[PDB]
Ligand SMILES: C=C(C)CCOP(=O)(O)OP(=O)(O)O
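Quick setup: one chain, the form deposited without the named molecule, written in structure tokens, and binding and motion questions come after.
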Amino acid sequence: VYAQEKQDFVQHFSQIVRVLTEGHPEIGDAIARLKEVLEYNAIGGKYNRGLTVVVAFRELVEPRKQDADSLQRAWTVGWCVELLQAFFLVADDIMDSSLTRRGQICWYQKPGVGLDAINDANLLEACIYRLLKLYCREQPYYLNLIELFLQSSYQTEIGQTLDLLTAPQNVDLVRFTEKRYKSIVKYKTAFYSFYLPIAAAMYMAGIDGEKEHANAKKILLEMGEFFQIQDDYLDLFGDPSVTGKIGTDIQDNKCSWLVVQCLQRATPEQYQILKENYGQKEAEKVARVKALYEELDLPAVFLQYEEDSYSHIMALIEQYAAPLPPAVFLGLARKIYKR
């Protein structure tokens, strides 16, 4: 499904840019900057979210209604998801004071960008809507897509606010509850990473019903919870030469699924070991946390969670996939649940 169309998708970017950078010579300079912004930040991910739109649109539309223009539009809206992602990242890395991203210098950290990245992020967001105007204003789902991107923006922003309130990078754990962890993930990542791209395909295919969308959302948000929990696990236990990432959740005082669990289980004594070491950057003090999680057999708790999670998803799919082809959902679960 995905490896099979990643070429046409990543190749269409050029067009996405050509159009977004074309009557008005006076502003050409700013447009030059926009090009640069898009080239640095929309590129270099694995493109799974955007791609999900394309793949799903193939699965959902009767192939008789998949002309060149229709596909073009699915590529375009797929790139709209990747631009939403890019907008959030650029802005999130400023906020976290991150150094790298996708293995390069964060955009804001480049010489002579700095906090100008704030506006660059805002343009990334704007390009979504330009693109929808240009490719979709005549389509019957035009407004549905706008509302979905705008709503996907809002929930992510809310989730971000929620995380910022939860984890002031300053030492506190009583606010790291499972209720709250789950909330953060739903609003901050799941909605836009899992629901938004399938939903966009759905609208593109004429499937606009609230019921259908509620059903698909129910599956997708639970998939999204898992995805993140696995991300949290692998931040620390992922072989880094598989992953590509080397993890810093413990140094960055994150509200990781791990710590949440660790806190549910710890003696009042061990809370101390964690109160003392979480957030510090001393390797010794980072080791004494990993080593605590390990003492609490949390890698086992994960495996245990991944199994249940895998059933729940299949159950959800059995129950709510209809009348969409289960393959829409399985195509994603495949990308997540390795054996």
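The first residue of the sequence shown is number 1, and the count goes up from there. Take the two forms, find the largest set of C-alpha atoms that superpose within 1.5 Å, and that set is the rigid core.
K.L.:
For the step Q104 to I105, what size class fits the number of deposited residues with no coordinates, none, 1 to 3, 4 to 9, or 10 or more?
P.N.:
Gap size class: none, per the record.
K.L.:
Could you bin the unmodelled part of the deposited chain lying between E22 and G23 as none, 1 to 3, 4 to 9, or 10 or more?
P.N.:
1 to 3 residues are missing.
K.L.:
Going by the B-factors listed in the PDB entry, is the mean over the C-alpha atoms higher for 44-52 or for 296-304?
P.N.:
Mean CA B-factor is higher for 296-304.
K.L.:
On average, are the C-alpha B-factors higher in 215-223 or in 233-241?
P.N.:
Comparing averages over the C-alpha atoms only gives 233-241.
K.L.:
Have a look at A126, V81, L145, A266 and flag the one whose Cα has the highest B-factor in the entry.
P.N.:
Answer, based on the entry's C-alpha B-factors: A266.
K.L.:
Classify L99 as lowest, middle or highest third according to the C-alpha B-factor given in the PDB entry, relative to its own chain.
P.N.:
Tercile = middle for this residue's CA B-factor.
K.L.:
Grab the CA temperature factor for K254 from the record and place it in the lowest, middle or highest third of its chain.
P.N.:
It falls in the top third of the chain.
K.L.:
Ranking every modelled residue in this chain by its Cα temperature factor as given in the entry, which third contains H312?
P.N.:
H312: CA B-factor falls in the middle third of its chain.
K.L.:
C-alpha B factor of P140, ranked within the chain: lowest, middle or highest third?
P.N.:
For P140, whose C-alpha B-factor we compare with every modelled residue in the chain, the answer is the middle third.
K.L.:
Select lowest, middle or highest to describe the third in which the CA B-factor of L60 falls within its chain in this entry.
P.N.:
Its C-alpha B-factor, which the entry lists for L60, ranks in the middle third among residues of this chain.
Keep in mind that the form solved in complex with the named molecule is not shown, yet the notes after this line are about it.
K.L.:
Kindly check, after superposition on the C-alphas around the site, whether the named molecule taken in the bound PDB entry would be blocked here (3 or more of its atoms within 2.4 Å of a backbone or C-beta atom) or open?
P.N.:
Open, going by where the named molecule lands after superposition on the site C-alphas.
K.L.:
Picking from 68-76, 132-140, 264-272, 224-232, which part of the chain touches the named molecule in the bound PDB entry when contact means heavy atoms within 4.5 Å?
P.N.:
One stretch meets the cut-off, namely 224-232.
K.L.:
Could you confirm whether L162 comes within 4.5 Å of the named molecule in the bound PDB entry, counting heavy atoms only?
P.N.:
Flag for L162 set to no.
K.L.:
With heavy atoms only and a cut-off of 4.5 Å, decide whether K290 touches the named molecule in the bound PDB entry.
P.N.:
No, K290 stays farther than 4.5 Å from the named molecule in the bound PDB entry.
K.L.:
Quick one: is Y47 in contact with the named molecule in the bound PDB entry, heavy atoms, 4.5 Å cut-off?
P.N.:
Output for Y47 is yes: heavy atoms within 4.5 Å of the named molecule.
K.L.:
I'd like to know if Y192 sits close to the named molecule in the bound PDB entry, meaning any non-hydrogen atom pair within 4.5 angstroms.
P.N.:
Residue-level check for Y192: yes, a contact with the named molecule.
K.L.:
Can you work out which of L89, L236, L173, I146 has a heavy atom no more than 4.5 Å from the named molecule in the bound PDB entry?
P.N.:
Contact with the named molecule in the bound PDB entry is made by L89 alone.
K.L.:
If you fit the rigid core and then compare C-alpha positions between this form and the one not shown, only one of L71, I207, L263, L236 moves by 2 Å or more. Name it.
P.N.:
Looking at each option in turn, only one qualifies, and it is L236.
K.L.:
With a threshold of 2 Å on the C-alpha, tell me if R102 counts as moved between this form and the one not shown once the core is superposed.
P.N.:
Not so; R102 is displaced by less than 2 Å.
K.L.:
Is the shift of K245 between this form and the one not shown large enough to count as movement, that is, does its C-alpha move by 2 Å or more after the core is superposed?
P.N.:
Yes, because once the rigid core is superposed, the C-alpha of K245 moves 2 Å or more between this form and the one not shown.
K.L.:
Rigid core superposed, CA of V289 - does it shift 2 Å or more between this form and the one not shown?
P.N.:
Result for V289: yes, a 2 Å-plus shift.
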